[PDB]
Amino acid sequence: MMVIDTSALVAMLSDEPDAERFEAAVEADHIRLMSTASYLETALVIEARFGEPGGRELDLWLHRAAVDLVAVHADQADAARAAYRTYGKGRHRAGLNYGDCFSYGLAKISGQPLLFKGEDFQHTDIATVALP
Amino acid sequence: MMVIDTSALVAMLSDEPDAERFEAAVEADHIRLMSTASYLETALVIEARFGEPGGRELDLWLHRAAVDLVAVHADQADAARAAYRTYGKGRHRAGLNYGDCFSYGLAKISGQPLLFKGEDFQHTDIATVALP
Amino acid sequence: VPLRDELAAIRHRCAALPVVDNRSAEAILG
Amino acid sequence: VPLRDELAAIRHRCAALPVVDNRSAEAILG
Ligand SMILES: [Mg+2]
Ligand SMILES: [Mg+2]
């Protein structure tokens, strides 16, 4: 399986530099998880960027990939709560943010690797999905 | 019943001006919900400011108040998403931000009044808790 | 019939919409 | 021994704790 961070799905839908690779990664893995909160964040950013029609693309995307939205349970939040002490952002530490916490949280509990774009998850303890 | 927001609990723990009244409202209704994501945001803010021991006080409060951490389901995220387009904190206007969405969604789906601190949730299609 | 094609159609269609808001974060505030 | 007094108890302790990082711009601008 895999978990999708918003950084990737926003990057894909906005057609950012590495888009097609993320699309291959997605295709390689049959089951694909996304935290209900990561879903939200994504919808917020796109529907601000491209308005509602952008939002309609997200829904098709989600239906096309057959993504499983997972609810944010307490244990996910607990995992994230601890992770932010170690890995969270600060003055010049370039680690996790509040949105990232829910992707981290879901990956840690599920035991599955995460698909993302940027530094935020580079130096963490969860597995990453390797791009082809 | 009530829904508790991050802005309230952080107020009640940092000993902000209104704290005492916020406690009274909590006592006035026995059944209390809080979204797992608002719990996280509270944990992050508290444990940043007062370290891990602040988190221990956060955990005692939740236990003592018998607060039910409700998981964020897709339905809550959908109403949050739509709401934000109307009541979002865009340029120049106060209103909901990413974090607020999680208590709004729980409040909107549960259909229960929300206890909060500040301007974000004021002009909005969900009920506020009356402050004694 | 392949999935990457279906997701690329959505990508291409979505990326070419008019940008009504240009700033990134602070749409996501905190 | 009412619930108001318990929450107050917890409030004063928690607020009396030493500050180790300042006001809320640290979760985390985004
Ligand atoms: Mg994220
Ligand atoms: Mg909030």
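Residues numbered from 1 in each chain as written, not as in the entry; some residues may be left out. Chains lettered and ligands numbered in written order. Heavy atoms only, no water.

K.L.:
Talk me through the overall build of chain C; I want residue IDs and the actual numbers.
P.N.:
A count of helical and extended segments in chain C gives one helix and zero strands. Dimensions along the principal axes, computed over C-alpha positions, put chain C at roughly 40 × 20 × 5 Å. A burial count over chain C gives 40% of its 30 residues as buried. Just so you have it, chain C exposes about 1,800 Å², and 57% of that area is on carbon and sulfur atoms. Of the charged side chains in chain C, 4 are positive and 4 negative; the average position of the first set lies 5 Å away from that of the second. (Helix = DSSP H or I, 4+ residues; strand = E, 2+ residues; numbered from the N terminus. Buried < 20%, exposed > 50% of the residue type's maximum accessible area, 1.4 Å probe, protein only. Areas by Shrake-Rupley, 256 points an atom, 1.4 Å probe, with all protein chains shown as cover. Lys, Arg positive; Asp, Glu negative; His and termini not counted. Charge placed at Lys NZ, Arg CZ, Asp CG, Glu CD.)

K.L.:
Tell me what's going on with the relation of the copies chain B and chain A, and back it up with residues and numbers.
P.N.:
At an RMSD of 0.4 Å, chain B and chain A line up after a rotation of 180° and a shift of 0.1 Å along the axis. The superposition of one copy onto the other is thereby described by a two-fold rotation axis. Proximity to the rotation axis, assessed at the C-alpha, singles out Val72 of chain B in chain B; its C-alpha lies 2.6 Å from the axis. (Least-squares fit on C-alpha atoms.)

K.L.:
Residue-level account of the UniProt feature "binding site: Mg(2+)" in chain A, with values.
P.N.:
Residue and element names in this part refer to chain A. UniProt marks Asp5 and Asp100 with the feature "binding site: Mg(2+)", using the numbering shown here. Considering the C-alpha atoms alone, the annotated residues occupy 96 residues of sequence yet fold into one spot, their largest mutual distance being 7.3 Å. As for the annotated residues, the ones lining the second largest pocket are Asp5 and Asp100. On the secondary structure map, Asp5 appears in the loop between β1 (2-4) and α1 (6-13). Residues in contact with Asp5, not counting those within four places in the same chain, are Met34, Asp100, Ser103, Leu114, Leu115, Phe116 and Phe121. If you trace the backbone, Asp100 turns up in helix α6 (residues 98-110). (UniProt positions renumbered as here; feature names shortened; annotations may be inferred. 1 Å grid on protein atoms, 1.4 Å probe; cavity = no way out; pocket = protein on both sides within 12 Å on 5 of 7 lines; lining within 4 Å. Contact = heavy atoms within 4.5 Å.)

K.L.:
Any chance you could break down the UniProt feature "domain: PINc" in chain A for me, citing the residues and the numbers?
P.N.:
Annotation from UniProt places "domain: PINc" at residues 2-130 of chain A. In this annotation, residues 2-130 of chain A is assigned 57% helix and 9% strand; the end-to-end C-alpha distance for the span is 11 Å.

K.L.:
Help me get a handle on the packing of helix α5 (residues 74-87) of chain A against helix α3 (residues 36-64) of chain B, residues and values and all.
P.N.:
α3 of chain B packs onto α5 of chain A with a crossing angle of 45° between their chain directions and a minimal axis gap of 10 Å. Between α5 of chain A and α3 of chain B, the angle is such that the two are oblique. Our pair here, α5 of chain A against α3 of chain B, has a crossing hand that is right-handed. Packed against α5 of chain A, whose contacting residues are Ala74, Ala77, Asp78, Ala80, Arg81, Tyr84 and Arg85 of chain A, the element α3 of chain B presents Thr36, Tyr39, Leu40, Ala43, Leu44, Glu47, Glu52, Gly55, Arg56 and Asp59 of chain B at the interface. Taken together, the residues of the contact of α5 of chain A with α3 of chain B break down into eight nonpolar, two polar and seven charged. (Axes fitted to C-alpha atoms, helices over the stretch in contact; angles between N-to-C directions. Parallel < 35°, antiparallel > 145°, perpendicular 65-115°, else oblique. Left-handed = near helix turned anticlockwise from the far one by under 90°. Nonpolar A, V, L, I, M, F, W, Y, C, P; charged D, E, K, R; others polar.)

K.L.:
Give me the interface of chain B and chain A: which residues, what numbers.
P.N.:
Facing 28 residues of chain B, the contacting portion of chain A comprises 27 residues. For the chain B and chain A pair, buried surface summed over both sides reaches about 2,300 Å², with 65% attributable to carbon and sulfur atoms. Connecting chain B to chain A are eight salt bridges. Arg81 of chain A serves as the salt-bridge partner of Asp59 of chain B, at 2.8 Å between the closest nitrogen and oxygen. The tally of links from chain B across to chain A stands at 17 residue pairs in polar contact. Broken down by secondary-structure element, the contributors of at least two residues to the side of chain B that touches chain A are α3, α4 (74-87) and α5 (100-110) of chain B. Sort the elements by how many residues they give to the side of chain B that touches chain A and α3 of chain B lands first, with 13 residues. Residues of the side of chain B that touches chain A, tallied by class, amount to 15 nonpolar, five polar and eight charged. (Buried area = accessible area lost by both parts, 1.4 Å probe. Salt bridge = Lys/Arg side-chain N within 4 Å of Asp/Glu carboxyl O. Polar contact = N/O pair within 3.5 Å; in protein donor to acceptor, adjacent residues only side chain to side chain.)

K.L.:
Kindly report on the sheet that holds strand β2 (residues 32-35) of chain A, identifying the contributing residues and their values.
P.N.:
All names here are of chain A. Spatially, four strands are ordered β3-β2-β1-β4 in an open sheet, and the strand pairing comes out parallel. Bordering the open sheet on either side are β3 (68-70) and β4 (114-115), each of which pairs with just one other strand. Of the strand pairs in this sheet, β1 and β2 are connected by two bridges, and their pairing is parallel. Residue pairing for β2: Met2 is matched across the bridge by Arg32. (Pairing = 2+ DSSP bridges.)

K.L.:
Tell me what's going on with the sheet that holds strand β2 (residues 32-35) of chain B, and back it up with residues and numbers.
P.N.:
Ordered in space as β3-β2-β1-β4 (chain B), the four strands form an open sheet in which the pairing is parallel. The sheet terminates laterally at β3 (68-70) and β4 (114-115) of chain B, the two strands that pair on one side only.

K.L.:
Lay out the nonpolar core with the relevant residues and their values.
P.N.:
Generally speaking, nonpolar side chains in soluble globular proteins are found buried as a group. Ranked by internal contacts, the top residues of the largest apolar core, which has 100 residues, are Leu9, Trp61, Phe102 and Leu115 of chain A together with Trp61, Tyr98 and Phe102 of chain B. Broken down by element, this core gets its largest block of residues, ten residues, from α3 of chain B. When neighbours within four sequence positions are excluded, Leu115 of chain A is seen to be in contact with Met2, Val3, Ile4, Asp5, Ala8, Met12, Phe22, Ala25, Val26, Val129 and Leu131 of chain A. (Core = buried A, V, L, I, M, F, W, Y, C linked by side-chain atoms within 4.5 Å.)

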